[PDB]
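>>> Turn this into a structure:
(chains A and B, ligands or ions: 8)
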Amino acid sequence: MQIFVXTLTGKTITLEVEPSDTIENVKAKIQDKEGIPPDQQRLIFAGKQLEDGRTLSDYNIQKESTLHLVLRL
Amino acid sequence: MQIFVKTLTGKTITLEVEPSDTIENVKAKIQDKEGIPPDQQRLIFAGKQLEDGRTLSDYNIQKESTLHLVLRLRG
Ligand SMILES: [Zn+2]
Ligand SMILES: [Zn+2]
Ligand SMILES: [Zn+2]
Ligand SMILES: [Zn+2]
Ligand SMILES: [Zn+2]
Ligand SMILES: [Zn+2]
Ligand SMILES: [Zn+2]
Ligand SMILES: [Zn+2]
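Numbers count the residues shown, from 1 in each chain, chains lettered A, B, ... in the order given. Ligands and ions are numbered 1, 2, ... in the order given. Structure as follows:
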């Protein structure tokens, strides 16, 4: 599958994805990919701030979908 | 005095402000509570989008009032 994560400076990074993959799970993927601890990032989708332990599907995300997400701190 | 902000999350969050607190001042508070840089938040009250450098009072805001919130998404 594949979803996009956008940052602050526009840098657009792709992710492999899990369909019912939790948000905790996505944060770990960003870390595996660009090394920012999950406890630092916050993801937003279509205005809403996603919370870990809810799944991509719980928020109706689909392949080709865009998570800004983006960013955190 | 207290004021209320509607988060992206949606869980209401609470702030300790003063009457003559500027808006860039409020963002900094939000940054402190939810690690979101000011330069990314945009606040709205009662329909209007508040601009930094104007004060809570210049927008007629009082106790227990609420401001919803959202991200600028500049790029
Ligand atoms: Zn840590
Ligand atoms: Zn978390
Ligand atoms: Zn968007
Ligand atoms: Zn569920
Ligand atoms: Zn004071
Ligand atoms: Zn502080
Ligand atoms: Zn600003
Ligand atoms: Zn003024």
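>>> how close does the residue of chain A positioned farthest from its centre get to ligand 1?
The centre of chain A is farthest from one residue, residue A:9, which by CA atoms, centre = their mean lies 16.1 Å away. Relative to ligand 1, residue A:9 is positioned 23 Å away (CB to the ion, to the nearest Å). Where C-beta positions appear, they are placed from N, C-alpha and C, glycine not excepted.
>>> isn't that residue right up against residue B:75?
Yes. Look at residue A:9 against residue B:75 with CB atoms under 8 Å: they come within range, at 6.5 Å.
>>> Get me the contact residues on chain A for chain B.
By CB under 8 Å from any CB of the partner chain, the residues of chain A that approach chain B are A:8-10, A:42, A:44, A:47-49, A:51, A:68, A:71-73.
>>> again, only using 6 Å
Chain A comes close to chain B at residues A:10, A:44, A:48-49, A:73, as judged by CB under 6 Å from any CB of the partner chain.
>>> which of these lies closest to ligand 1?
Nearest to ligand 1 out of the residues of chain A next to chain B is residue A:73 (CB to the ion; 12.4 Å).
>>> What count of nearby residues applies to that closest one?
Residue A:73 has 11 neighbouring residues, counting by other CB atoms under 10 Å in any protein chain shown.
>>> and if you look at residue A:51?
Residues near residue A:51, counting by other CB under 10 Å: 16.
>>> Identify the residue nearest it in space, chain neighbours excluded?
Once flanking residues are discounted, residue A:51 sits nearest to residue A:23: 6.3 Å by CB to CB, 6 or more residues apart in numbering or on different chains.
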